[PDB]
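Peer 1:
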Amino acid sequence: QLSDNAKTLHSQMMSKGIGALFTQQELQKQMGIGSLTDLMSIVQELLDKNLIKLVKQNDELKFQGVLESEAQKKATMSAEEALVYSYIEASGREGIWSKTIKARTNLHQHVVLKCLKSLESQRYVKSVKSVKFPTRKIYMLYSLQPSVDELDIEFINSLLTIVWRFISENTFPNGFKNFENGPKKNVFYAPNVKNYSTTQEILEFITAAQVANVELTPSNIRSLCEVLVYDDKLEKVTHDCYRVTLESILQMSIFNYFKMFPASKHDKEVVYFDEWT
Amino acid sequence: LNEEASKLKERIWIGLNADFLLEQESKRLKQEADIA
C-alpha cells in the first residue's frame with residue numbers, strides 16, 4: 010500500500026536506513042516480504058511523491074528517508090534544479106564548481122545560471138571562494154561552509180616577529196645589545212648544558228593572544244618556524260628544538296647587507312648585478 | 615483626516631502593501647543571513 014508500505018518503509022529509514030550505504034538488496038535484508046515490483050512500484054512513487062530518497066554511488070543505489078522539508082522544497086523547485094539542486098546537494102562538504110556541471114548535466118551556462126540565481130534568492134546555495142583560484146565560484150549548500158582552509172592572505176609576519184621575540188629571549192638572557200658585550204656571558208654557566216626551544220612550549224606562549232584569531236595546531240607551528248629557518252631569523256637544532264641566528268644584530292670585504300649604504304648618484308663607477316645578464 | 619480615517623485607511627493601505635513589506639522585512643532577515 011502507498012501509505013502503509015510508505016510509512017513502514019519510511020520506518021526503517023527514520024530508524025536506521027542502514028546509514029548512507031543502504032542498497033536495495035539491504036531492503037530485502039530487512040524487508041524481503043515485498044515482491045519485486047510491489048516494493049519497487051512504491052519506491053518509484055515515493056520518489057515521485059518525494060518520500061524515499063536515492064543516492065548514486067558505489068554499487069546498486071543508496072537510499073534514505075526524506076526530511077520532507079527538502080521534499081516539498083525541491084517539489085517547489087523547477088525541473089532544472091530538481092536534479093541540479095539535488096545533484097549539487099549531493100556534492101557534500103566540498104561543494105561543486107560551476108562549469109563542470111555542464112559536462113555533467115548536459116546544459117548551457119545560460120540555462121544553469123538563472124536557476125542558480127533562484128537558489129541564491131532561495132538561499133540554499135552560496136558562492137564560495139576557496140583556496141584555489143577565484144575564477145571558480147564553486148557552489149555548496151548555503152547550510153554549511155566547510156572547506157580545506169591560517170587564512171591564505173596577510174597578517175602572519177605580525178605574529179612571526181612575536182615568536183621571534185620569544186625564541187630570541189630563549190637563547191641567552193634578553194637582548195642586551197645596548198653596549199658591546201651583553202651576550203650570554205658565556206651562556207650563564209656551561210654554554211653547553213642549555214638545550215632550549217618551544218615546540219610544545221610555544222602554544223603556552225601563544226596563549227597571550229592580544230589578537231583576534233583562533234588557536235593553532237602544533238604542526239602549523241613548525242610550518243611557521245621553518246620559514247624563519249629559511250629567512251635565517253632563527254636556526255634549527257636537534258629536530259623540533261631551535262636556536263636563533265643572533266641576527267638580532269641586523270635588527271640593531293667586511294660583509295653584511297645592512298649597515299651599508301651606497302653613493303648611487305652621479306659617479307659612473309659602480310657595481311651592479313645586472314648588465315652582464 | 616481623523617484618527618479612524620488614518621487607522622482604517624492605513625489598515626487598507628498596509629493591508630495591500632504587506633506583500634511589499636513581505637519581501638522588505640524578509641530581505642531584512644536575509645541581512646542576518648549575510649553573516650553566514
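In order, the protein sequence lines correspond to chains P and R.
So the first sequence is residues 10 to 158, 169 to 271, 292 to 316, counted in the entry's author numbering.
Per the entry's author numbering, numbering of the second sequence is gapless, rising by one per residue and ending at 650.
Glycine residues also receive a C-beta, built at the ideal position from the N, C-alpha and C atoms.
What are the start and end residues of each continuous alpha helix (DSSP H) run of 4 or more residues lying completely inside the segment 83-144 of chain P, in chain order?
Peer 2: Runs found: 88-98, 109-114 and 119-131.
Peer 1: State yes or no: is the beta carbon of residue 164(P) nearer than 8 Å to at least one beta carbon in chain R?
Peer 2: No coordinates are present for residue 164(P), because the numbering of chain P runs from 158 directly to 169.
Peer 1: By the three-class DSSP mapping on this structure, what secondary structure does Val246(P) have?
Peer 2: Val246(P) falls in the helix class under three-state DSSP.
Peer 1: Could you give the distance in angstroms between the alpha-carbon of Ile97(P) and the alpha-carbon of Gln10(P)?
Peer 2: So the two alpha carbons sit approximately 32 Å from each other.
Peer 1: Can you pull the chain P residues whose beta carbon is under 8 Å from the beta carbon of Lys623(R), in chain order?
Peer 2: Those do not exist, as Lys623(R) stays about 33 Å from chain P at its closest Cβ, beyond 8 Å.
Peer 1: For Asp251(P) versus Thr264(P), is the C-beta distance shorter than 8 Å?
Peer 2: Cβ distance < 8 Å, so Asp251(P) and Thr264(P) count as in contact.
Peer 1: May I have the straight-line CA-CA distance separating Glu129(P) from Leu222(P), to the nearest angstrom?
Peer 2: Taking the straight line from one Cα to the other gives about 41 Å.
Peer 1: Going by C-alpha to C-alpha distance, which of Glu89(P), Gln33(P) and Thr46(P) sits closest to residue 274(P)?
Peer 2: Residue numbering in chain P breaks between 271 and 292, and residue 274(P) falls inside that break, so it has no position here.
Peer 1: Give a yes or no on whether the C-beta atoms belonging to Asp158(P) and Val140(P) are separated by under 8 Å.
Peer 2: A contact, by the Cβ cut-off of 8 Å.
Peer 1: Straight-line CA distance for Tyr148(P) to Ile293(P)?
Peer 2: Taking the straight line from one Cα to the other gives about 58 Å.
Peer 1: With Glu254(P) as the anchor, note down where its beta strand (DSSP E) starts and where it stops.
Peer 2: Unbroken beta strand (DSSP E) run through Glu254(P): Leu253 to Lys255.
Peer 1: Between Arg132(P) and chain R, is any beta-carbon pair separated by less than 8 Å?
Peer 2: For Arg132(P), the answer is yes, since a Cβ of chain R falls inside 8 Å of its Cβ.
Peer 1: Would you say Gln39(P) and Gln53(P) are within 8 Å of each other, going by their C-beta atoms?
Peer 2: Contact flag unset, no.
Peer 1: How many angstroms separate the CA atom of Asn115(P) from the CA atom of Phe72(P)?
Peer 2: Going by the C-alpha atoms only, they are around 25 Å apart.
Peer 1: Hey, how far is the Cα of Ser50(P) from the Cα of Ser640(R)?
Peer 2: Rounded to whole angstroms, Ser50(P) to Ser640(R) spans 41 Å at the Cα level.
Peer 1: May I ask you to report which of helix, strand or coil DSSP gives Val182(P)?
Peer 2: It is helical.
Peer 1: Give the residues of chain R in contact with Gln34(P), contact being defined as C-beta atoms less than 8 Å apart.
Peer 2: Simply none; closest approach about 40 Å.
Peer 1: Determine whether the beta carbon atoms of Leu253(P) and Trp183(P) lie at a separation below 8 Å.
Peer 2: Yes; because the gap between Cβ atoms is below 8 Å, this pair is in contact.
Peer 1: Between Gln154(P) and chain R, is any beta-carbon pair separated by less than 8 Å?
Peer 2: Answer yes: the Cβ-Cβ gap between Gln154(P) and chain R drops below 8 Å somewhere.
Peer 1: Helix, strand or coil for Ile42(P) per DSSP?
Peer 2: Reduced to three states, the DSSP call for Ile42(P) is coil.
Peer 1: Taking all protein chains shown into account, decide if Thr85(P) is buried (16 or more other Cβ within 10 angstroms of its Cβ) or exposed.
Peer 2: Its Cβ having fewer than 16 others within 10 Å, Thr85(P) is exposed.
Peer 1: When we look at the beta-carbon of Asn193(P) and count the other beta-carbons within 10 Å, is it buried (16 or more) or exposed?
Peer 2: Exposed, since its Cβ has fewer than 16 Cβ neighbours within 10 Å.
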